[PDB]
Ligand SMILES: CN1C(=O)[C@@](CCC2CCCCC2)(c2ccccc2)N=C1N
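Before any questions on how it binds or moves, here is one chain, the form solved without this ligand, in structure tokens.
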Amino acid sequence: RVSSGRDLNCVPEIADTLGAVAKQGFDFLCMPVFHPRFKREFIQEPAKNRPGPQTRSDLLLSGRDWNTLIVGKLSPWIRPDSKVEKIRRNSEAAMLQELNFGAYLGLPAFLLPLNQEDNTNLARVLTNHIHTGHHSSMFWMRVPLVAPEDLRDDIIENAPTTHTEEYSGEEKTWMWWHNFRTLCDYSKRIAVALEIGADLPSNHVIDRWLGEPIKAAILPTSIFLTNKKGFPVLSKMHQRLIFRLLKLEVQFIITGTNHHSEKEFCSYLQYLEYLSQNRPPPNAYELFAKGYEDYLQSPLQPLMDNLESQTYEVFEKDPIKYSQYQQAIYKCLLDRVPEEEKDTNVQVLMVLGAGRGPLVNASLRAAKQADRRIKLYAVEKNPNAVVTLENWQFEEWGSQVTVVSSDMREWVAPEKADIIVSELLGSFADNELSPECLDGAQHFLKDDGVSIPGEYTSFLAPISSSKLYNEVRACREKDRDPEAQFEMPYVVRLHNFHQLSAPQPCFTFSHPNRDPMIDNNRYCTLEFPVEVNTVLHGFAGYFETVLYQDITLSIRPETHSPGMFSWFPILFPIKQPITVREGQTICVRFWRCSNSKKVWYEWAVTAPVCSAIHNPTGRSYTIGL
């Protein structure tokens, strides 16, 4: 099921037109709210006194139909950036008039074009309308992948078409959009209606729009091909672009007249439904991640905060993750306990941060399949989850498990462990203070003891996403620094974004940490080659961890553990977007800082331009010890 609309520039009767558009299967109708040829004068007589009515009546549709089925269209004679002053004036008045009519009617969106480079005065008028009341309406800026001047037929004998590659020139319409939305100050009500032409540009032109707020894609009937049976279809390259757009769940708009007159008009739409039904269904992860796409979440702090019951539930609903823990334990048991000692050597296993019991059960299953003997301690500081562990221990585990209600940094263990097992990792690895927690527990690990996990490494990657930048921006709160939202990380299932360079390692930790001078502070400088023109808005963070030897967990995309649902990526934003040109290097700097009470991150971009140091002294974001 695709949500699709019909684009018309001619509506003799609204009720007749709307009925026909719906019978064909469309969900909505883009149409003009004043006759597109009905030029109006606002200054000079006698034409300014043209008797009314100035357009059709609001009583021709119910309020629900205006609210849900109609997208309005700016009249095409309206040119607020004309070089003729009189035309700029009448266009300004007319543009306020049509926009205020759309608001009067409650239309859910309104379409305005970007068809040239200079739309400064159009932006000024739109921004003025936007700051005239508090409404939820959307403005769809109709902008093409390829400017009409760059796709005209080469039929002018004395003005031939440029056949030489112009990398940035071919990206010009993205610059039309960027400047417009920059002038309009990244209004959340301003979105892209991307118009697709018969010939697609270079791939880099397409990727330019990654991370942008695309709400609709416009498909002219002119681009459809024709198969043997006479039905409209699309080239394999166009189909590629459709699939990418279905991943953004945009609304598709069919514009133009029916050029396959042998077939009824619902043909074009039926083909989209055909492309939509043809694609891999939800594959467990994507099935589950959908719903969380680009949704900002505060990172959990299981140390400072006691997690709720349903939060452990989410942890537990990932069998691939714990089967890896079971394999790590299984292998370790066999390396530590030779066959000939299988009945005499009882290994002491300590789960450090057991929550409701998943590792405890994985540890038991591991010792069974390994045919080895283990003595288990289940250490958990959250007394609410200790309730779960102690009902389990009485009902099932029995005396083989000793539940300990304590902080692993303070607990005085009655004996030393052969293996400590922990799940203290966040989306950025150490961002829950696993190093601090495991350092404080090390004293009761044997001299040859093993820690599972044995090491972990965070990764970083620059990304472009004007959508996510705006989401962060909108996280201003009343009683704090008005830019605090940009000085803190977010856990988020990154979706509408462009990764700008291959992720690279940031911070690594090993356990046990034999080193005699333990310092968990960190300072790392990274250099990301960028081969595209783009805008930098933040850094995606991931991690990898070695549980034991070759058994690992990873959410780093290029090595993501297949089938693991746990852990979305994390996002470090920056206060001000940074322009990056093709071939430039993004240099970012990250610090891991601490005092006796808190740990935090600070970060900074130093090339190709310097940003401010973000989160100095943890003024906006700290992680409690």
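Numbers follow the displayed sequence, beginning with 1. The term rigid core refers to the most C-alpha atoms you can superpose between the two forms while keeping them within 1.5 Å.
Which of 179-187 and 416-424 has higher mean CA B factor, as the PDB entry lists it:
Taking the mean C-alpha B-factor of 416-424 and of 179-187, the larger value falls to 416-424.
Of the two stretches 333-341 and 453-461, which shows the higher Cα B-factor on average in the entry?
Higher mean C-alpha B-factor in the PDB entry: 333-341.
Among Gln369, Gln485, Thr120, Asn115, which residue carries the highest C-alpha B-factor recorded in the PDB entry?
Top of the list by C-alpha B-factor: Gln369.
For the listed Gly169, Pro489, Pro529, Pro280, which has the peak Cα B-factor recorded in the PDB entry?
Each of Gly169, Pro489, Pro529, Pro280 was compared by C-alpha B-factor; the highest is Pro280.
Going by what the PDB entry lists, where does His498 fall on CA B-factor within its chain: lowest, middle or highest third?
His498: CA B-factor falls in the lowest third of its chain.
Relative C-alpha B-factor of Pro36, binned into the chain's lowest, middle or highest third:
It falls in the middle third of the chain.
CA B-factor ranking of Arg79, expressed as a third of its chain:
Lowest third.
Name the third of the chain's ranked CA B-factors that contains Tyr104, choosing lowest, middle or highest.
As the PDB entry reports it, the C-alpha B-factor of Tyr104 lands in the middle third of its chain.
Grab the CA temperature factor for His443 from the record and place it in the lowest, middle or highest third of its chain.
Highest third.
The form deposited with this ligand bound is left out here; the points below concern that form.
Take the pose in the deposited bound form, superimpose it on this chain at the site, and classify the pocket for this ligand as open or blocked using 3 ligand atoms within 2.4 Å of backbone or C-beta as the minimum for blocked.
Blocked, going by where this ligand lands after superposition on the site C-alphas.
With this ligand left out of view, which of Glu432, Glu195, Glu471, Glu171 would have a heavy atom within 4.5 Å of it in the deposited bound form?
Partner contact (heavy atom, 4.5 Å) among the options: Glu432.
Since exactly one of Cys30, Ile570, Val580, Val33 fits, which has a heavy atom within 4.5 Å of this ligand in the deposited bound form?
If I apply the 4.5 Å criterion carefully, the residue I get is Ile570.
Answer yes if any heavy atom of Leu364 is within 4.5 Å of a heavy atom of this ligand in the deposited bound form; otherwise answer no.
The answer is no: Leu364 has no heavy atom within 4.5 Å of this ligand.
This ligand contact in the deposited bound form: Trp600, any heavy atom under 4.5 Å
Looking in the deposited bound form, residue contacts with this ligand do not include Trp600, since no heavy atom lies within 4.5 Å.
Since only the chain is shown here, I'm wondering whether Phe543 would be in contact with this ligand in the deposited bound form (any heavy atom pair within 4.5 Å).
Yes, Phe543 lies within 4.5 Å of this ligand in the deposited bound form.
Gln326 within 4.5 Å of this ligand in the deposited bound form, heavy atoms:
It does not: once this ligand is placed as it appears in the deposited bound form, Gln326 has no heavy atom within 4.5 Å of it.
Counting only non-hydrogen atoms, choose the one of 458-466, 221-229, 263-271, 248-256 that falls within 4.5 Å of this ligand in the deposited bound form.
In the other structure, the partner sits against 458-466.
Of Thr173, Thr534, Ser465, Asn431, which is the single residue whose C-alpha shifts by 2 angstroms or more between the shown form and the other one after core superposition?
Between the two forms, the residue that moves is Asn431.
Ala93: CA shift of at least 2 Å between the shown form and the other one after core fit?
Superposed on the core, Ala93 moves its C-alpha less than 2 Å between the shown form and the other one.
If I superpose the two forms on their rigid core, does the C-alpha of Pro383 end up displaced by 2 Å or more between the shown form and the other one?
No; that C-alpha moves by less than 2 Å between the shown form and the other one.
Quick check: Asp371 between the shown form and the other one - does its CA shift reach 2 Å or more after fitting the rigid core?
Not so; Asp371 is displaced by less than 2 Å.
In the deposited bound form, shift in Cα separation for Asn431 relative to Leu359, 3 Å or more
Relative to this form, closer in the deposited bound form.
What happens to the Cα distance from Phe428 to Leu500 in the deposited bound form: does it get closer or farther than here, with a change of 3 angstroms or more?
Relative to this form, farther apart in the deposited bound form.
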